[PDB]
Engineer: 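The structure follows.
Within every chain, numbering begins at 1; the chains are lettered A, B, ... in the order of the sequence lines, protein sequences first and strands thereafter. All heavy atoms count here, side chains included; hydrogens, waters and symmetry mates do not.
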Amino acid sequence: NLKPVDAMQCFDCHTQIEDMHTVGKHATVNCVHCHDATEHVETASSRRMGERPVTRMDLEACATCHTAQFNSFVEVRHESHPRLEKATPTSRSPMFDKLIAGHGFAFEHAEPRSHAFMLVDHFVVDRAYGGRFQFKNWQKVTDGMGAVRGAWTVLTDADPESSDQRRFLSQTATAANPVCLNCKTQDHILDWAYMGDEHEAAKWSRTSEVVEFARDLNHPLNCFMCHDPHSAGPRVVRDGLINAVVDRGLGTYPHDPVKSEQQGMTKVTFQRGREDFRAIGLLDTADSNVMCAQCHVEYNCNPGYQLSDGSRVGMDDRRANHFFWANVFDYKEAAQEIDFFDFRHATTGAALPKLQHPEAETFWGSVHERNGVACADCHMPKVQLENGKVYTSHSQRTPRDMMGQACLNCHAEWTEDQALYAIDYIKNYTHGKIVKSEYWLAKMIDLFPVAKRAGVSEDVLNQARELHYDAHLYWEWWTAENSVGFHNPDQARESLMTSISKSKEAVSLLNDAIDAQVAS
Amino acid sequence: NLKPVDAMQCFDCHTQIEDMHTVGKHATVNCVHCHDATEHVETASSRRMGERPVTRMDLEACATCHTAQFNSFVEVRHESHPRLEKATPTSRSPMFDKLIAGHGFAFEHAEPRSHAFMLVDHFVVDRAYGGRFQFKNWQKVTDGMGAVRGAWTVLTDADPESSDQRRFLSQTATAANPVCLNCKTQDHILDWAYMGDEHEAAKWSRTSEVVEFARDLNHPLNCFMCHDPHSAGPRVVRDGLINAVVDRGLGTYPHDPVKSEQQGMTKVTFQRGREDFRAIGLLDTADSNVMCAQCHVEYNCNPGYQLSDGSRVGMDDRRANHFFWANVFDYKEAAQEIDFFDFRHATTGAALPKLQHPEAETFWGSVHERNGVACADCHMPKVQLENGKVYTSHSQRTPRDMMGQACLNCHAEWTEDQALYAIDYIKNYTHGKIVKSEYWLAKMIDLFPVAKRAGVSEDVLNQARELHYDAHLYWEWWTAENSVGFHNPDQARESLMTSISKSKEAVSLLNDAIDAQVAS
Amino acid sequence: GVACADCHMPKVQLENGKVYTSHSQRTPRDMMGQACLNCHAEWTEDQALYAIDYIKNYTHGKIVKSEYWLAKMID
Amino acid sequence: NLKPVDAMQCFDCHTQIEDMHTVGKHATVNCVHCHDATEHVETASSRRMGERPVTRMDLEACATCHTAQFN
Ligand code: HEC
Ligand code: HEC
Ligand code: HEC
Ligand code: HEC
Ligand code: HEC
Ligand code: HEC
Ligand code: HEC
Ligand code: HEC
Ligand code: HEC
Ligand code: HEC
Ligand code: HEC
Ligand code: HEC
Ligand code: HEC
Ligand code: HEC
Ligand SMILES: O=S([O-])[O-]
Ligand SMILES: O=S([O-])[O-]
Ligand SMILES: O=S([O-])[O-]
Ligand SMILES: O=S([O-])[O-]
Ligand SMILES: [Ca+2]
Ligand SMILES: [Ca+2]
Ligand SMILES: [Ca+2]
Ligand SMILES: [Ca+2]
């Protein structure tokens with residue numbers, strides 16, 4: 001059985017913790033629930049750590065007193081189809097392979113599934129670690145609780161004796177790097193300096209061997225990613241988000257200085273050897289929009305190239321850990337701001353961006369966001385009980401599974417069927433425009449080899465390549481974003497119509513140039 | 001009412017039957033249930049048949065005493081979508097038409113449905129008989145019991161006065177030949193010599209007019225295909241399977257000599273005029289893996305061409321009735337072994353194999369097969385009754401309809417939803433790789449006209465054609481096979497990654513050659 | 001060695017989660033999988049219910065007859 | 001928000017509770033979750049209760065850490 005430790009002894013050296021812990025709703029929660037610090041206490045001095053204390057990062061550390069939230073969180077939604085490839089005629093992006101050719105996502109890009117699996121799915125996806133990590137067997141794919149208990153309880157490593165990124169299966173890629181993991185786990189929270197910069201106190205950084213880093217990590221989406229374990233107050237821990245909101249002064253709601261002020265973030269820094277080491281962002285309110293934006297954003301977490309001169313931007317560069325914190329119509333300017341693109345298209349040669357799940361940036365300025373609605377209202381609402389103590393559901397999933405609490409409490413005029421119909425109207429319309437955008441992108445892409453082989457000039461090809469950047473951006477935002485337009489239907493419609501406009505312009509340009517070469 | 005005949009009188013000339021019948025569980029079942037032999041008995045001699053006895057081939061001959069198994073067998077699974085074309089974006093092979101161009105399956109290749117319909121579906125499919133045979137009207141498509149009663153009770157013939165294979169509808173083919181029927185019916189069991197070789201006692205052979213043959217056949221999947229009617233013991237009757245297992249000494253489990261010995265087959269031959277005529281294979285055990293492998297295999301049942309010199313291999317050749325009895329990674333060697341390919345691709349000119357439903361060969365070496373599981377355990381399990389005499393379900397269908405008996409009795413740790421999720425994980429992953437394999441195959445195929453028109457050398461084109469053979473094989477195995485990877489997920493993944501590797505190699509080869517011709 | 005809680009407040013079974021003991025003390029009819037069938041693998045839910053009812057029906061018949069005779073005496 | 005009390009101070013006069021509390025699975029659960037003893041501690045001796053401390057009997061005293069069982 002746990003025996004409490006004297007927190008006062010701790011507080012004598014840990015004033016920041018004292019100020020948070022003594023004031024919040026965890027004032028009675030003893031340090032022993034999460035820390036084993038006996039040898040630490042025997043050896044530390046005022047400013048030197050001595051022996052390192054053990055810190056529990058497992059979610060069961062919270063489950064002891066918060067079983068309801070834990071159980072809600074680890075639930076697996078079986079209806080969320082597993083390992084479902086997006087590049088298929090029945091999924092999100094029927095022409096993805098042609099459009100993304102040259103990027104690592106061509107190796108595999110599946111639809112998301114339940115949060116319990118985020119770390120194991122990151123480890124096993126074909127694009128990440130060359131097939132190095134796999135489930136112990138095909139049965140383990142169901143085991144949400146097991147994944148939560150630890151990735152390495154359900155996965156194998158093809159070669160424990162090497163630590164280099166390489167392909168163990170022919171059609172895999174090795175795109176994973178240490179920045180990825182910040183959106184899968186925060187087990188490394190005490191071993192990673194702010195932004196993944198080099199730091200004497202950091203075991204891991206942007207430049208680490210990711211296979212070695214991976215083996216040190218176990219748990220998905222730790223409860224403390226949104227809740228400070230000392231104060232129990234709302235927070236974020238994701239460095240890239242703090243950097244955008246605070247360091248770059250953009251605010252929690254970049255479009256709304258008033259809301260940004262009312263619902264802001266305070267950056268709190270922790271030091272090692274009296275030098276800044278790590279940071280968190282304490283929230284003024286329990287604002288899920290900002291909590292979820294730790295991960296559900298467009299980001300850089302990868303090497304790339306400069307737009308200016310095409311030179312390599314490596315993991316060592318700060319730009320390899322970057323939140324653009326920009327909506328689709330501000331994105332091109334945001335990418336120019338850091339002089340960055342992701343890949344060159346394998347067929348057209350165009351410099352292109354790679355877009356990822358920008359739910360937070362898409363939601364901005366939507367009717368629901370402007371009305372003060374937040375992710376949790378639709379995706380993790382309060383539980384309604386005929387008799388019971390209310391708690392917040394932690395099963396982050398589609399509102400279709402809980403329409404009464406997600407939608408109909410606000411929309412009293414509608415039945416469930418009518419609310420579903422309204423969602424489907426938007427999704428169906430948006431998907432049709434996504435498909436049409438892909439059709440026009442593919443038509444343009446297919447003209448590039450014809451143009452080059454007909455002797456069309458580099459000047460015309462480069463014009464078309466500039467059009468490709470825009471056509472790609474205004475399309476891929478929407479295959480990347482998970483709501484199929486629902487989060488901001490007017491924006492999706494304007495963006496996708498712009499993509500088609502750009503592709504059509506490029507098609508006409510190339511067809512005309514080709515025809516002129518044929519006429520001599 | 002039936003009157004019993006004196007079996008002892010029969011046994012005086014039929015010693016083989018006596019040895020089987022007197023010993024097995026049909027020792028009390030009188031010959032009159034299946035044979036009308038009055039005139040036969042009056043005219044036969046020790047070694048000459050005299051007047052031919054009537055032998056019932058209808059399944060209702062067994063239904064009289066085995067109603068439960070019969071009723072189970074004739075059940076129609078309405079949820080198994082009928083006449084569903086595989087070459088569509090929502091089915092198995094979205095790019096099938098491009099990839100299979102040059103083969104008869106381009107005319108129609110539907111998903112399989114319930115066993116009751118196998119013979120009528122064979123007769124009516126657009127690729128088989130030039131549209132000659134059709135259901136009497138569109139209502140008959142539902143009539144499983146009617147099809148079982150006899151194909152000609154539900155079908156019409158566009159021209160009873162001719163017997164040549166020809167097109168009655170413009171977009172049909174005439175691919176059917178007498179070998180096909182061996183996997184649809186065994187009504188011809190006494191009229192077909194082993195392998196379909198020419199034989200004085202055989203009415204029908206590989207070289208017969210298939211339209212004439214068709215008119216003589218009525219019943220699907222006769223009960224006696226798996227059960228000897230005389231001994232009631234387990235057997236196979238399919239010549240091609242006996243040939244692979246016994247004549248070629250490959251064994252029932254070619255990968256496992258021990259299991260092959262424990263679960264083997266004994267070839268029993270029946271003679272006409274003291275010359276070998278037909279054969280069956282008696283099984284040591286009631287092994288559904290081998291019973292189902294009578295049909296659910298990759299086979300040759302068609303003319304083709306030699307790999308060596310491209311010369312025609314006709315129905316007269318033994319190779320027109322061939323079970324390769326080889327897994328995907330042994331197939332190319334198996335096809336080289338008999339010097340055979342199926343068709344030349346209409347666009348690329350490559351010699352290609354045609355793969356068909358290799359469930360048996362795919363299942364070999366899988367985790368379930370190695371653990372002693374067999375087709376019937378998942379597809380035709382014992383019925384569970386609160387009160388009753390247990391019998392084996394004969395409704396061969398997906399385990400999704402009976403998960404408790406097919407999966408969960410073995411997998412106690414899982415709910416139905418978890419077991420379904422595990423299946424879908426594998427199927428979703430495999431389908432994504434199938435789609436990607438098709439993308440790369442199509443990309444390569446489309447480069448062939450460009451290459452030929454740019455004046456790329458025959459040497460380079462032939463290199464690409466050799467790559468096409470392998471890319472095609474390692475893809476088509478999996479659109480042909482019905483489990484979408486479930487029967488052997490690691491093998492599907494390795495094979496499909498190989499297909500993509502081959503296509504990518506060919507694409508690079510052709511693109512480079514084209515570009516060199518453009519640069520002069 | 002069976003106790004009240006085994007039938008009236010059994011452990012919750014979850015596909016994924018931390019097990020806890022149900023504190024809803026109620027008839028096992030509402031949770032037959034966990035209250036009965038985990039021990040009685042030979043039975044379906046309907047068979048287990050049928051066995052309960054056989055006993056309850058029989059006992060209640062004897063209760064009613066006992067009351068009939070008591071009332072006859074009292075009168 | 002609840003502020004923890006010095007349980008060791010309590011234990012100087014409550015050895016019977018000490019022997020139970022320090023050993024079981026509530027060793028880390030502070031007295032303030034169920035007792036309001038500020039005035040008691042101001043006035044008690046080991047042989048004189050002084051002001052009577054308040055003890056919570058409501059089930060929500062447990063529901064705070066054991067919501068699943070309470071619900
Ligand atoms: C779980 C409910 C915890 C309780 C109770 C206590 N701590 Fe904690 N602590 C916990 C986590 C998950 C972390 C990682 C960092 C994060 O912000 O999540 C920490 C970290 C610390 C640190 C390091 C801060 C730094 O300099 O980087 C200290 C000094 C610390 N914790 C002290 C501490 C004390 C004294 C506690 C008893 C009053 C205590 N913690 C309780 C989780 C939990
Ligand atoms: C028992 C020893 C606990 C441990 C372990 C954890 N928490 Fe806790 N938590 C506990 C109590 C008694 C309370 C106060 C309840 C009340 O409403 O009075 C809390 C509260 C929280 C809250 C709400 C905070 C707020 O609204 O300001 C959160 C978000 C919370 N606790 C989170 C949390 C996390 C993430 C834990 C693991 C690191 C964790 N708790 C452990 C008791 C206990
Ligand atoms: C936070 C800014 C993230 C970064 C850094 C990485 N990922 Fe991610 N990932 C994130 C979210 C919010 C989601 C779900 C939404 C969605 O559109 O998928 C994911 C999903 C994945 C998945 C599962 C789906 C799939 O594409 O197969 C995988 C396998 C995955 N992510 C891998 C991955 C890699 C390799 C990363 C570094 C290059 C990486 N992620 C970073 C959020 C974030
Ligand atoms: C960000 C993605 C979160 C993660 C990770 C965790 N929780 Fe959470 N929690 C989150 C929100 C948006 C809320 C509601 C806040 C509001 O006031 O609207 C909560 C709330 C809690 C509470 C308070 C009681 C309740 O409302 O249920 C607790 C005790 C709590 N959360 C616990 C908890 C646990 C145990 C987690 C790991 C399994 C966890 N949270 C993660 C957002 C997020
Ligand atoms: C209600 C007004 C919502 C708000 C607030 C948020 N989301 Fe949403 N989301 C909503 C709908 C109707 C849908 C489509 C779901 C469906 O079943 O059709 C979605 C979708 C998502 C998804 C994908 C879920 C899935 O398909 O299984 C994600 C990952 C998602 N939304 C994230 C998300 C974020 C991060 C939010 C705050 C920035 C957010 N949602 C708010 C409705 C609503
Ligand atoms: C149905 C339950 C039957 C019973 C009863 C009997 N026979 Fe049979 N017989 C039956 C079938 C379907 C066939 C076709 C071949 C096959 O293996 O399925 C036969 C065949 C024969 C033959 C021919 C063997 C040969 O030389 O090719 C003979 C000589 C024969 N049957 C004899 C026979 C006798 C004597 C029976 C009474 C003891 C008898 N059969 C019963 C189906 C059934
Ligand atoms: C009644 C006159 C029958 C006819 C017609 C058919 N079968 Fe039969 N079968 C019959 C009996 C009395 C038995 C023995 C039952 C027992 O378990 O004691 C059988 C048995 C079988 C079996 C099981 C054999 C074994 O396990 O070794 C099979 C597979 C079987 N019968 C098949 C079968 C077939 C295919 C029939 C049509 C050709 C057929 N039976 C007719 C009685 C009668
Ligand atoms: C009476 C008002 C009818 C209605 C309502 C439906 N059906 Fe019908 N159908 C009817 C007749 C008299 C016939 C012809 C019978 C014959 O054998 O000549 C039919 C035919 C069909 C067919 C066959 C079509 C073909 O081209 O051969 C089909 C597939 C069919 N009917 C189906 C059908 C369906 C699905 C209906 C509900 C939408 C339906 N029918 C209504 C009479 C009437
Ligand atoms: C045994 C080795 C067979 C040979 C010889 C033939 N077929 Fe076949 N067929 C077989 C199986 C096991 C299945 C179901 C599994 C599947 O993948 O389809 C089929 C299916 C058909 C169908 C229905 C599905 C379809 O493709 O439309 C038809 C119409 C069909 N088979 C026709 C057919 C022809 C024309 C054949 C000779 C060229 C032939 N079959 C031979 C097994 C076997
Ligand atoms: C191969 C594809 C089969 C066909 C054709 C028929 N049956 Fe069958 N039968 C098959 C199997 C795999 C089994 C189970 C054997 C085992 O011991 O596991 C059976 C069993 C029977 C029996 C025995 C009693 C029982 O288990 O139900 C009988 C009487 C029987 N089968 C009858 C039967 C009938 C009437 C058929 C035509 C409608 C028929 N079988 C075809 C495999 C196959
Ligand atoms: C359990 C371990 C199985 C074994 C043994 C066999 N099959 Fe199977 N099969 C299995 C699954 C989970 C599926 C997918 C079904 C679904 O609904 O997703 C299949 C599929 C098939 C099919 C197609 C069925 C359909 O889609 O309707 C066929 C024709 C098939 N399997 C044949 C087959 C053969 C011949 C087997 C022995 C060699 C065999 N299966 C074994 C599970 C299992
Ligand atoms: C007994 C006759 C079984 C049947 C019926 C089903 N399964 Fe099975 N399965 C069985 C065993 C003994 C094992 C191996 C256990 C181990 O850990 O070694 C399996 C394995 C699986 C797997 C993993 C496959 C892999 O390649 O790793 C899966 C996904 C699986 N089983 C699923 C499954 C399904 C969906 C079934 C119903 C169609 C099913 N099994 C039936 C034993 C038996
Ligand atoms: C007697 C009628 C009880 C009442 C009053 C309460 N609980 Fe209980 N509890 C009881 C039993 C029989 C058990 C299972 C013991 C075993 O090991 O089999 C429990 C268990 C708990 C636990 C431990 C964790 C768990 O198994 O769920 C807790 C934390 C718990 N009970 C809490 C609790 C609460 C909050 C109560 C008031 C709402 C409560 N118990 C009352 C029996 C009885
Ligand atoms: C948070 C500050 C708590 C309060 C308030 C209550 N309990 Fe508790 N309980 C808490 C913890 C951290 C634990 C240990 C969890 C573990 O297993 O590590 C417990 C445990 C129990 C148990 C199980 C004890 C056992 O020996 O198995 C029970 C039955 C229990 N708690 C009951 C209980 C009651 C009745 C409460 C109101 C008087 C109560 N707890 C409050 C944390 C907290
Ligand atoms: O404690 S030391 O820093 O004097
Ligand atoms: O690759 S992750 O960003 O989905
Ligand atoms: O019966 S005859 O062969 O002599
Ligand atoms: O054509 S048959 O083999 O499916
Ligand atoms: Ca999903
Ligand atoms: Ca990006
Ligand atoms: Ca089917
Ligand atoms: Ca073939």
Engineer: Within the 3.5 Å criterion, strictly below it, is a donor on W478(A) or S495(A) matched to an acceptor on the partner's side chain?
Structural biologist: yes
Engineer: Using side-chain heavy atoms (C-beta onward) and a distance below 4.5 Å, is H255(A) in contact with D330(A)?
Structural biologist: no
Engineer: Please tell me if the side chains of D424(B) and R83(A) come closer than 4.5 Å, counting only heavy atoms from C-beta onward.
Structural biologist: no
Engineer: Grab the two heavy atoms, one from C180(A) and one from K184(A), that are nearest each other, plus how far apart they are.
Structural biologist: O-CG, 3.7 Å
Engineer: Kindly give the heavy-atom pair with the smallest separation between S393(A) and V383(A), and that separation in Å.
Structural biologist: N-CG1, 3.9 Å
Engineer: Begin with the C-alpha distance, continue with both residues' side-chain angles, and end with the deciding distance and a verdict on side-chain contact (heavy atoms from CB on, under 4.5 Å) for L352(A) and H468(A).
Structural biologist: CA-CA 8 Å; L352(A) 295 178; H468(A) 192 181; 3.8 Å; yes
Engineer: Please verify the inter-ring angle class for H26(A) with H66(A); under 30° counts as parallel, over 60° as perpendicular, anything in between as tilted.
Structural biologist: parallel
Engineer: Please give me the minimum heavy-atom distance between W364(A) and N488(A), naming the atom from each residue.
Structural biologist: O-ND2, 3.5 Å
Engineer: So, the side chain of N289(A) versus the backbone of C375(A): is there a donor-acceptor pair under 3.5 Å, distance only?
Structural biologist: yes
Engineer: Does a donor on one side chain sit under 3.5 Å from an acceptor on the other, for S499(A) and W477(A)?
Structural biologist: no
Engineer: Is the backbone N or O of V236(A) less than 3.5 Å from a side-chain atom of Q294(A), with the two atoms forming a donor-acceptor pair by type?
Structural biologist: no
Engineer: Ring-plane angle category for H78(A) and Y421(B), please: parallel below 30°, perpendicular beyond 60°, tilted otherwise.
Structural biologist: perpendicular
Engineer: Are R400(A) and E79(A) ion-paired here, with the side-chain N under 4.0 Å from a carboxylate O?
Structural biologist: no
Engineer: For side-chain contact (heavy atoms from CB on, under 4.5 Å), just list the numbers for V328(A) and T362(A), CA-CA rounded to whole Å, side-chain angles, deciding distance to a tenth of an Å, and then say yes or no.
Structural biologist: CA-CA 7 Å; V328(A) 65; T362(A) 300; over 6 Å; no
Engineer: Under a 4.5 Å cut-off applied to non-hydrogen side-chain atoms, are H472(A) and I100(A) in contact?
Structural biologist: yes
Engineer: Tell me, do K502(A) and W475(A) make a side-chain contact under 4.5 Å, heavy atoms counted?
Structural biologist: no
Engineer: For the residue pair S437(A) and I500(A), what are the closest heavy atoms and their distance?
Structural biologist: OG-CG1, 3.4 Å
Engineer: Thinking salt bridges, do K98(A) and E438(A) make one under a 4.0 Å N-O criterion?
Structural biologist: no
Engineer: Side chains of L441(A) and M95(A): closer than 4.5 Å at any heavy-atom pair?
Structural biologist: no
Engineer: Start with the C-alpha distance between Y20(C) and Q69(D), add both sets of side-chain angles, then the distance that settles side-chain hydrogen bond (donor to acceptor under 3.5 Å, both in side chains), and finish with yes or no.
Structural biologist: CA-CA 8 Å; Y20(C) 68 95; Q69(D) 292 81 3; over 6 Å; no
Engineer: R113(A) side chain to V76(A) main-chain N or O, any donor-acceptor pair under 3.5 Å?
Structural biologist: no
Engineer: Assign the ring pair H487(A) / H379(A) to parallel, tilted or perpendicular, where the plane angle (0 to 90°) is split at 30° and 60°.
Structural biologist: perpendicular
Engineer: Might you point out which heavy atoms bring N222(A) and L59(A) nearest each other, and give the distance in Å?
Structural biologist: CA-CD1, 4.0 Å
Engineer: Verify the distance criterion only: is there a donor paired with an acceptor across the side chains of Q418(B) and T142(A) at less than 3.5 Å?
Structural biologist: no
Engineer: Hey, does the side chain of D287(A) reach the backbone of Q263(A) with a donor-acceptor pair shorter than 3.5 angstrom?
Structural biologist: no
Engineer: Please confirm whether the backbone N or O of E494(A) pairs with a side-chain atom of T498(A), one donor and one acceptor, at under 3.5 Å?
Structural biologist: yes
Engineer: Just checking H81(A): does its NE2 atom have more than 12 heavy atoms from other residues, nucleotides or ligands closer to it than 6.0 angstrom?
Structural biologist: no
Engineer: Would one find more than 12 heavy atoms of other residues, nucleotides or ligands at under 6.0 Å from atom NE2 of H411(A)?
Structural biologist: yes
Engineer: So with a 6.0 Å cut-off around OH of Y425(A), is the heavy-atom count from everything else above 12?
Structural biologist: no
Engineer: Measuring only between side-chain heavy atoms, which start at C-beta, is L99(A) closer than 4.5 Å to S93(A)?
Structural biologist: no
Engineer: Whether the side chain of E369(A) engages the backbone of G365(A) through a donor-acceptor N/O pair (distance < 3.5 Å, no angle test) should be reported.
Structural biologist: yes
Engineer: Any donor-acceptor pair under 3.5 Å linking the side-chain atoms of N71(A) with those of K18(C)?
Structural biologist: no
Engineer: Report, as yes or no, whether the 6.0 Å neighbourhood of atom CD on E413(A) holds more than 12 heavy atoms from other residues, nucleotides or ligands.
Structural biologist: yes
Engineer: Please verify the inter-ring angle class for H296(A) with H357(A); under 30° counts as parallel, over 60° as perpendicular, anything in between as tilted.
Structural biologist: perpendicular
Engineer: Which is it for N243(A) and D247(A) under the side-chain hydrogen bond (donor to acceptor under 3.5 Å, both in side chains) test, yes or no, and what are the steps along the way?
Structural biologist: CA-CA 5 Å; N243(A) 176 248; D247(A) 301 351; 3.0 Å; yes
Engineer: Flag yes if more than 12 heavy atoms outside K332(A) fall under 6.0 Å of its NZ atom; otherwise flag no.
Structural biologist: yes
Engineer: Any donor and acceptor pair, going by atom type alone, linking the side chain of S114(A) with main-chain N or O of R77(A) inside 3.5 Å?
Structural biologist: yes
Engineer: Is there a side-chain contact between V290(A) and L283(A) in this structure, where contact means two heavy atoms from C-beta onward sitting under 4.5 Å apart?
Structural biologist: yes
Engineer: Which pair of heavy atoms, one from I426(A) and one from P489(A), lies closest together, and at what distance?
Structural biologist: CG2-CB, 3.8 Å
Engineer: List the steps, then state whether side-chain contact (heavy atoms from CB on, under 4.5 Å) holds for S91(A) with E111(A).
Structural biologist: CA-CA 8 Å; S91(A) 190; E111(A) 293 186 23; 2.7 Å; yes
Engineer: Could you check whether any side-chain N or O of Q25(C) sits under 3.5 Å from a backbone N or O of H23(C), counting only pairs where one atom can act as donor and the other as acceptor?
Structural biologist: yes
Engineer: Are any side-chain N or O atoms of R92(A) and backbone N or O atoms of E481(A), one a donor and one an acceptor, separated by less than 3.5 Å?
Structural biologist: yes
Engineer: Is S503(A) close to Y474(A) at the side-chain level, that is, under 4.5 Å between some pair of heavy atoms?
Structural biologist: no
Engineer: Main chain of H109(A), side chain of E85(A): is a donor-acceptor contact present, judged purely on distance under 3.5 Å?
Structural biologist: yes
